[PDB]
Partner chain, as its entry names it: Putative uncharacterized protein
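Okay, so here's just one chain, in structure tokens, the form deposited without its partner chain.
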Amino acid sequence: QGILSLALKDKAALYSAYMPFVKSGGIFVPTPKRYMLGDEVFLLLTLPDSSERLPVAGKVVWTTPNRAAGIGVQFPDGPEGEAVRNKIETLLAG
């Protein structure tokens, strides 16, 4: 249930969150909620320095019972997933 929010203040935050090694792209999301592997998560994602919030229809791929409690969210395959992927990558390009 519910929206899971992620707002990333800067490129360092992005860089640490981003899980490039995930097929389709993925992201680490802090949360103390309790999720199970293969759940569907609705992610609203804010990118450093954007004025837009990016809805992501993600899947739980990893749980983490510094470094905070949360979840590894895999990007959906397809256009919508690629779009996200590309905005990140483009931000981190360099």
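Numbering follows the first chain given and starts at 1.
Keep in mind that the form deposited with its partner chain bound is missing from the display, and what follows is about it.
Among heavy atoms of residue 64, some come within 4.5 Å of its partner chain in the deposited complex. At a distance threshold of 4.5 angstroms between non-hydrogen atoms, residue 22 is in contact with its partner chain in the deposited complex. Interface membership of residue 57, defined by any non-hydrogen atom within 4.5 Å of its partner chain in the deposited complex, is ruled out.
Using a 4.5 angstroms threshold between heavy atoms, residue 37 counts as touching its partner chain in the deposited complex.
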